[PDB]
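Asks: Here you go, one structure.
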Amino acid sequence: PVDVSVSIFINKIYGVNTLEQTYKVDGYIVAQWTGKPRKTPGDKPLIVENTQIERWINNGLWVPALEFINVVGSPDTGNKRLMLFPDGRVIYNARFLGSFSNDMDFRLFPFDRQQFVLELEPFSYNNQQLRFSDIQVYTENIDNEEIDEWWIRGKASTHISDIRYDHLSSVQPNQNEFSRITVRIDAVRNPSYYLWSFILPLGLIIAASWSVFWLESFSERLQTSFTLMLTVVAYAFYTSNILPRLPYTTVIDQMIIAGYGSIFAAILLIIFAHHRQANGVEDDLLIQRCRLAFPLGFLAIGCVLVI
Amino acid sequence: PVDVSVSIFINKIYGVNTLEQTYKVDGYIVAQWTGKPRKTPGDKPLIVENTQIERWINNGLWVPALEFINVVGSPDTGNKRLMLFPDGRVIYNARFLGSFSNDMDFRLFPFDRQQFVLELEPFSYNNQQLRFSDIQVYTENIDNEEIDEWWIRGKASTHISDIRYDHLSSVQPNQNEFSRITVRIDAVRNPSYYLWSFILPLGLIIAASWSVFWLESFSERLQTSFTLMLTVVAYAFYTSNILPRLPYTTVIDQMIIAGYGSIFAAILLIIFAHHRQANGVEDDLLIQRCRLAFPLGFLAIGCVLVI
Amino acid sequence: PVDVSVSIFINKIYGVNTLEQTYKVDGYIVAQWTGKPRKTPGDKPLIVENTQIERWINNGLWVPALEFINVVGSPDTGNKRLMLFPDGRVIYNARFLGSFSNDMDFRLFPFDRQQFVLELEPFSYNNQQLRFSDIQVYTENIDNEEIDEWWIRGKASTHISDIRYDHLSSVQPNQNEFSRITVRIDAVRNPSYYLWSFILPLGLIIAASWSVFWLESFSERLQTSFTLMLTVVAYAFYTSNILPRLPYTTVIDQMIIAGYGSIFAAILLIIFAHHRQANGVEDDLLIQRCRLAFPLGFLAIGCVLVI
Amino acid sequence: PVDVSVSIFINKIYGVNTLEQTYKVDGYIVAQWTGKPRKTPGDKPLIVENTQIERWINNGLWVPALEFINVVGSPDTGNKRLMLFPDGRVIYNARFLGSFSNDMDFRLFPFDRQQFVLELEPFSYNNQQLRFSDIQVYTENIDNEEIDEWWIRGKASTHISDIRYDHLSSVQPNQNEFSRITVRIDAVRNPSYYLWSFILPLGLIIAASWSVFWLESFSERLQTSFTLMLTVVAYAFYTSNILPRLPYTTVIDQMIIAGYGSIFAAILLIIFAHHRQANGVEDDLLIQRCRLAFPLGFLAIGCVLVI
Amino acid sequence: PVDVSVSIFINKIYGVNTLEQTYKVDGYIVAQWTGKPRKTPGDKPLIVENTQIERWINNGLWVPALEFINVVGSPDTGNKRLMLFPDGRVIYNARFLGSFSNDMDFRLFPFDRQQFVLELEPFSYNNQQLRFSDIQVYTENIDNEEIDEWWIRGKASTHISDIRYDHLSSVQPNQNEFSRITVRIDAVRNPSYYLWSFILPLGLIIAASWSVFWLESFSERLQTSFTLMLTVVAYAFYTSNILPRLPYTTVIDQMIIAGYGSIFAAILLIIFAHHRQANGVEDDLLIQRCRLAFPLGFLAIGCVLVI
């Protein structure tokens, strides 16, 4: 069972595809194991870069393929390196850029909490053939949180485990528990942009929506609400065009629906006030002055949405 | 006739292209057959990964090309593997990411029922040369339905069959029925987002459209319907910009048309009421009070559209 | 002069780029010719798949490059196959996906009639070296026309011809008429989506535009037309964002212009009616009642646009 | 100094990226030179296609790399060909698709005059090693100008010249003037679509904007201009979403700004008319009748913009 | 310690991805070092182009891999060249197109000051093995600033330094300070387009917003501001669709918020004026005439935003 020591260096995490639940990672992989002692020129470690690596493999050098389990497609591999020590030990170093998959919940956008995961596992060698001795992850990030879209919180969670496959090759005894490395990085979304440019004015719209009751005439009260309705549509559009596409409603989406509801509820009351009468024009002096009733009734329903 | 046992592992199904009728699948293929007994180092099965596979083929190893019949373009192949057993048997394992084609009906969006199909067939070897002994599909999915766009329903329907080609080479005996594997996975669209963010407010618009009849004056009744018309246009825009592009109308599309019709019908009636008179301003006391006539007349036409 | 028999199998025609006048084709090519008799293992035809083909060419196997004349870029090639018969004959089979170029007229969108063309020609061998004996095309399509964007009409038109190049090497006798295969597939656009979701409501807008004359007051008549103008703009936007980009106007585009014209003409008349007077407020009783004059005058100009 | 004769065949020029100042070219390159006499099978010219070319270079065939100086990225190379004559001369023929860079001025859009440039230069061989003897360019285009986005005017300008590099190796004598071929193709944009679908209705908007002065009341005059302002915004959006992205304003963009100005100027005058008084409601009978003053004053400013 | 002389030629800097903090660079790299004297054919320098380079490396030619530290993905490499002199020295020349990463602050858009950085470092060889002797950068740009999106200011800033890695191999003496080249190019955004097409009309909107106070009636004053609110939403949409996506607010974004505030503040005062009375309709003769109070009060808050 070959003991493999792994090191991951994370340079950049970007390009989150919400719909695909995907994110891009740039960094380096270092994998170390001890083979049989070699004779290197001089005695210093031998360096074998890109193209030459294949040439060594052909001559019988064992270099196990390490698969990224949760990679979408196949990574852009930059430079490759083999460091061959005379004492036997071998070090493989390579830069990579890949698209990774993970379960991502965006319900509470733009206040998401996400975690970026990497799953490493030998493509063909089982736990008895190849085993992950240890792993360290270096997230050389820091500073300038207000400049980046995501705020990295922890350092990097790590877990070496053994994954069992129940249906595999023509083997039944115990060659079935490939060892898997799982790296987890917690992150929080920078909610500044969405708060100031989306939440805030949307609030002002909903608030100004209620100002329709301060109008004197019934015709004024009613006709103005159609423009108000059309305003919310225009905002929904502005929101939808810029925000990330999802298969579910976010907090903002709910706020939008709330806006439609408030205006429609106002429409109903306005018509009601006018025609619920004991003459014809008996506009209920109190109901027309619900200028304070449902604005705070909206704040009650809004606080109920938090529950 | 070589007996080939196949195994497909499906990891992820995403990125449906409605216009192209296309979807992306990430997973692994396992193919097994029995060749002539080999002499492996020691006696344990020999593993041959990526690059080295070509080398073995060059020395005469028979590795038949299995084409994905319904693939669009050519799949991103990740790691490849050959497992060579001394008793003869050979196992080929490879990860893939592909775009696949299938007939997709989107007429009843967002309540579509779709099925994701995979078609496997030997590229060059006919049924008498190469035959598919059996196939098992593993869809290791489950849980979190309300997080994913699509809800997988069944487990995986499978069909091994023999496909006859009527026009081939200048060969005449019976070498024309290549064996094909067909995998089918049924799926249902998560309609939640479209119901709450599209259907619901659209309904409110159509409903509030009818509130034009509660207006007193004729000028009021008429002018307001122009803003109402403009509102439906703004919504059609908002709808179209976000919804998938299709060469046919969906349920939502029909709802939009219905909205245009309701308003246009109201325009006609409003003008009619005013000018269908026995004086000039004889606005038919009952026709102006069709505030209940066609809202339910719309619910009759709406229920007729279900038939 | 080598006689080459060709067979093209078309699987899918999709992804029309209007601006580039491009379309994507997936299918197979089969090329057959007779070489010098070989000695195959056993006596049955020898199969040579992908990688091994290059190896045979290196040893002197003549495999002539067939260029797609009207291909944009270079096709994604899938699996390749050589079938080598002992009697000499050779069959090359390959799957392809390419972007192809052709003159495409979109003036009468969404009622275009298009034809998809394929042009095959030997890259380096002239008519006296290599000649196309025959060609058959199999468009295995059928059914579900209302599901697909395009409706294939005929079977496939075919033409083998000889193309003369006037400027090549310093060669004079007659090595200049490369033989070219030209496949033509006629198709019609599925106009349903555009009729119901674009043409229909656009018509309703234009028709409702004329309802401005049923307004009593001059201020009502004029102010309302500004909303009406703004409505057409919103529609032009909705249209333009969804419809394909073109360097020329379509039928729909012309409809839009007609919309602007109707409203602008109305604006002119409205102002004219009011100020062409014998006092100040002499709104010409008949010109204000042009509520029927130019709606059918628009139907006369619309029918003139067909001529 | 090897004399190289070059021939470029241009098939298609498309996909202009305005922001990148890029355009796509599909075509063929023919390069000819005379080497030392060979012994070809028989005596006829020997053809060496794609893969086999590398094999010949490895055996010492000199095939100089010709770099496309203004190519963005590296060209999609289709088929390659070497024609080897027994008298010594060599012809290299290859199809290419590339993204090319050139200074592009889009100030006067949609009336741009552009020129598509190609720059060919030997990658490593200087004028004393390799020299471009002659070059002919074939632009096999013609007809259907109203169908294509761009109208090619000339026949293609050519220039062979010598480019001196001042900073190279520690080399001082005269190996520093690589020979460069420069091809120029002049072209004009098809302005039809932008004239009818953008310029024309934008004109109508600006013209109708001035109709605000024919309104009787001050409140009518003022309130209507806010819808008018909103109309220009909607148009700017419609324009911006469809037109190419640029880092500078075009003619159309200026027209938009003119629209904003006209309305804002009207706003100022309207308010001024009302409040510049000798009583309070003394609306200057002449200034309110600037229904003709600044429409033609706009046509004076518009004709000044041409200067 | 091998002395390496580097030369970078920058042809084009384009395609800035604001979200990814990425930019594209086209150019050439020249690397020079002196090896052991060779015997070249004749005596002149030997040129080895693309494919042939690998062949030389296989035979023991040392060609050290130089990694682009801040590259996203892996560069499109064009033509490669080796120049081998007999005196020993070796010159490697290659064209590249890459996506590079750097900290980019876009807060003060469209008046950003950015700097494009390139970081070069040997992939495997430390400062004692390989050392950067010198570097010169040639930015052959100039002229036509008003045609390009970015205006290059300086000539490039250059810095050779030694980067120490703290966690490496089981090596302890001092093999840890790889030598790194850092190139910096300062640039300024061309603000013309955003000033004239965004800032200017946005200003006119805000200015015209304040014209609501010149309206006589309270109903006019209030109802008009709902259109005015809707106008700002339409503008935000227009802005957001065309401007670059960021995770923070820009100057323009702030201007938009200011617009929402101005209108909402106006709404509050308008309602206040009307209902803050000593009777019912005592609209405060001075507060209604704050037609000049807060327009300059906004110019005070606007000037305070600069502090």
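Chains as they are written, first to last, in the numbering used here: chain A, 1 to 307; chain B, 308 to 614; chain C, 615 to 921; chain D, 922 to 1228; chain E, 1229 to 1535. In this text, a Cβ means the ideal position worked out from N, Cα and C, and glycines have one as well.
Whose Cβ in chain D lies nearer than 9 Å to the Cβ of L633 of chain C?
Replies: Locating residue 633 of chain C in the third sequence gives position 19, counting from the first residue. Correct list: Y935, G936 and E1070.
Asks: Given that a residue counts as buried once 16 or more other Cβ atoms are within 10 Å of its Cβ, and exposed if not, what is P861 of chain C?
Replies: One-based indexing of the third sequence puts residue 861 of chain C at position 247. Buried, since its Cβ has 16 or more Cβ neighbours within 10 Å.
Asks: Comparing alpha-carbon positions, which option in D:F1021, D:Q1175 and D:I1102 lies nearest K933 of chain D?
Replies: Here residue 933 of chain D corresponds to residue number 12 of the fourth sequence, with the count starting at 1. Among D:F1021, D:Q1175 and D:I1102, the Cα nearest to that of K933 of chain D is on D:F1021.
Asks: Using beta-carbon positions only, say whether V424 of chain B and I317 of chain B come within less than 8 Å of one another.
Replies: Translated into the one-based positions of the second sequence, residue 424 of chain B becomes position 117. Translated into the one-based positions of the second sequence, residue 317 of chain B becomes position 10. No; because the gap between Cβ atoms is not below 8 Å, this pair is not in contact.
Asks: At a CB-CB cut-off below 9 Å, which residues of chain D make contact with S811 of chain C?
Replies: In the third sequence, the residue the question calls residue 811 of chain C occupies position 197. By Cβ distance, chain D contributes nothing, its closest Cβ being about 18 Å from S811 of chain C, past 9 Å.
Asks: Using a Cβ cut-off of 8 Å (strictly closer), state whether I856 of chain C contacts chain B.
Replies: The sequence position of residue 856 of chain C within the third sequence is 242, counting from 1. Output row for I856 of chain C: interface = yes.
Asks: Determine the burial state of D134 of chain A: buried for a count of at least 16 other Cβ atoms within 10 Å of its Cβ, exposed for fewer.
Replies: Locating residue 134 of chain A in the first sequence gives position 134, where the first residue counts as 1. So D134 of chain A ends up on the exposed side.
Asks: Indicate whether at least one CB of chain E lies closer than 8 Å to the CB of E177 of chain A.
Replies: By 1-based counting over the first sequence, the position of residue 177 of chain A is 177. So, not an interface residue.
Asks: Would you report the Cα separation of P736 of chain C and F485 of chain B, rounded to the nearest angstrom?
Replies: Working through the third sequence from its first residue, we reach residue 736 of chain C at position 122. Working through the second sequence from its first residue, we reach residue 485 of chain B at position 178. Using only the alpha carbons, I get a separation of about 30 Å.
Asks: If you measure between the beta carbons of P86 of chain A and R131 of chain A, is that distance less than 8 Å?
Replies: Taking the first residue of the first sequence as 1, we reach residue 86 of chain A at position 86. Taking the first residue of the first sequence as 1, we reach residue 131 of chain A at position 131. The answer is no: Cβ separation not under 8 Å.
Asks: Leaving aside the five residues before and after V378 of chain B along the sequence, list all residues of the same chain whose C-beta is less than 6 Å from its C-beta, in chain order.
Replies: As a first step, residue 378 of chain B must be located in the second sequence, where it is residue number 71. Closer than 6 Å at Cβ, skipping near neighbours: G405 and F407.
Asks: Kindly indicate if chain D contains any beta-carbon less than 8 Å away from that of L836 of chain C.
Replies: Your numbering for residue 836 of chain C matches position 222 in the third sequence. With 8 Å as the cut-off, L836 of chain C counts as an interface residue toward chain D.
Asks: Kindly list, in the order they appear in chain E, the residues whose Cβ is closer than 9 Å to that of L1018 of chain D.
Replies: Within the fourth sequence, the letter at position 97 stands for residue 1018 of chain D. In chain order: nothing, as chain E lies at least about 14 Å away.
Asks: Name the residue from D:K965, D:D1087 and D:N1023 whose alpha carbon lies nearest to the alpha carbon of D1376 of chain E.
Replies: If you number the fifth sequence from 1, residue 1376 of chain E lands on position 148. When each option's Cα is compared against that of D1376 of chain E, the closest is D:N1023.
Asks: Under DSSP, the alpha helix (DSSP H) around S1468 of chain E begins and ends at which residues?
Replies: Position 240 of the fifth sequence, counting from 1, holds the residue named residue 1468 of chain E. Residues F1446 to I1470.
Asks: Distance cutoff 8 Å, beta carbons only. Does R1309 of chain E sit that close to anything in chain D?
Replies: Counted from its first residue, the fifth sequence places residue 1309 of chain E at position 81. Yes, contact with chain D.
Asks: Tell me, please, whether the CB atom of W1261 of chain E is closer than 8 Å to any CB atom in chain D?
Replies: Residue numbering aside, residue 1261 of chain E sits at position 33 when the fifth sequence is read from its first letter. Output row for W1261 of chain E: interface = no.
Asks: If you measure beta-carbon to beta-carbon, which residues of the stretch 47 to 79 of chain A are closer than 8 Å to chain B?
Replies: Against chain B - using a Cβ distance shorter than 8 Å - the residues of the stretch 47 to 79 of chain A are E54, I57, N58, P64, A65, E67, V71, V72, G73 and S74.
Asks: Does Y399 of chain B get closer than 8 Å to chain A when you measure Cβ to Cβ?
Replies: Looking up residue 399 of chain B in the second sequence gives position 92. It does not: the Cβ of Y399 of chain B has no partner Cβ on chain A nearer than 8 Å.
Asks: Got a sec: is the Cβ-Cβ distance from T231 of chain A to anything in chain E below 8 Å?
Replies: Translated into the one-based positions of the first sequence, residue 231 of chain A becomes position 231. Chain E, which has a Cβ nearer than 8 Å to the Cβ of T231 of chain A, makes this yes.
Asks: In whole angstroms, what separates the C-alpha of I1275 of chain E from that of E1347 of chain E?
Replies: Counting from 1 along the fifth sequence, the entry for residue 1275 of chain E is found at position 47. Counting from 1 along the fifth sequence, the entry for residue 1347 of chain E is found at position 119. Going by the C-alpha atoms only, they are around 28 Å apart.
Asks: In terms of alpha-carbon separation, which member of B:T534, B:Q435 and B:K387 lies closest to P308 of chain B?
Replies: As a first step, residue 308 of chain B is located in the second sequence; it is residue number 1 there, counting from the start. It is B:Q435.
Asks: In its own chain, which residues sit with a C-beta less than 7 Å from the C-beta of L84 of chain A, not counting the 5 before and 5 after it?
Replies: Residue mapping note: residue 84 of chain A aligns to position 84 of the first sequence, counting from 1. The residues are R38, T40, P45, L46, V48 and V90.
Asks: In the DSSP assignment, find the alpha helix (DSSP H) that holds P996 of chain D and state where it starts and stops.
Replies: Taking the fourth sequence and counting its residues from 1, one reaches residue 996 of chain D at position 75. No alpha helix (DSSP H) contains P996 of chain D, which is instead part of the beta strand (DSSP E) from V992 to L1005.
Asks: For the stretch 414 to 448 of chain B, enumerate the residues whose C-beta is nearer than 9 Å to any C-beta of chain C, in chain order.
Replies: Those residues of the stretch 414 to 448 of chain B that come within reach of chain C (Cβ to Cβ, closer than 9 Å) are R414, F430, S431, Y432 and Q436.
Asks: Are there 16 or more other CB atoms within 10 angstroms of the CB of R528 of chain B, so buried, or fewer, so exposed?
Replies: For the purposes of this step, residue 528 of chain B is identified with residue 221 of the second sequence, where counting begins at 1. Its Cβ being crowded by 16 or more others within 10 Å, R528 of chain B is buried.
Asks: How many Å lie between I307 of chain A and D450 of chain B at the Cα?
Replies: Stepping through the first sequence from its first residue, residue 307 of chain A is reached at position 307. Stepping through the second sequence from its first residue, residue 450 of chain B is reached at position 143. For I307 of chain A and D450 of chain B, the distance between alpha carbons rounds to 24 Å.
Asks: Count the CB pairs spanning the stretch 557 to 577 of chain B and the stretch 497 to 512 of chain B that are closer than 8 Å, and state whether there are at least three.
Replies: Result yes; three or more Cβ-Cβ pairs closer than 8 Å.
Asks: Which residue marks the beginning of the alpha helix (DSSP H) containing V1479 of chain E, and which one marks its end?
Replies: For the purposes of this step, residue 1479 of chain E is taken as the residue at position 251 of the fifth sequence. Here the alpha helix (DSSP H) through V1479 of chain E covers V1479 to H1503.
Asks: What residues of chain A sit near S1437 of chain E, judged by a beta carbon separation below 7 Å?
Replies: The sequence position of residue 1437 of chain E within the fifth sequence is 209, counting from 1. Chain A residues near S1437 of chain E: none, gap ~14 Å exceeds 7 Å.
Asks: Can you list, in chain order, the residues of the stretch 1078 to 1090 of chain D whose Cβ is nearer than 7 Å to any Cβ on chain E?
Replies: Cβ contacts with chain E come from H1088 and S1090.
Asks: Does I574 of chain B come within less than 8 Å of chain C when only Cβ atoms are used?
Replies: The residue given as residue 574 of chain B occupies position 267 in the second sequence. Interface residue, yes.
Asks: Kindly indicate which three-state DSSP category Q1280 of chain E falls into: helix, strand or coil?
Replies: The residue you call residue 1280 of chain E lines up with position 52 of the fifth sequence. DSSP places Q1280 of chain E in helix when its eight states are reduced to three.
Asks: Kindly indicate if chain E contains any beta-carbon less than 8 Å away from that of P201 of chain A.
Replies: Here residue 201 of chain A refers to the residue found at position 201 when the first sequence is read from its first residue. Yes, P201 of chain A counts as interfacial toward chain E.
Asks: So that I know if they touch, is there some Cβ in chain A lying closer than 8 Å to that of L1456 of chain E?
Replies: Residue 1456 of chain E sits at position 228 when you count from the first residue of the fifth sequence. For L1456 of chain E, the answer is no, since every Cβ of chain A falls outside 8 Å of its Cβ.
Asks: Whose CA, out of A:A208, A:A265 and A:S240, lies closest to the CA of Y1488 of chain E?
Replies: Locating residue 1488 of chain E in the fifth sequence gives position 260, where the first residue counts as 1. Selected option, being the one with the closest Cα: A:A208.
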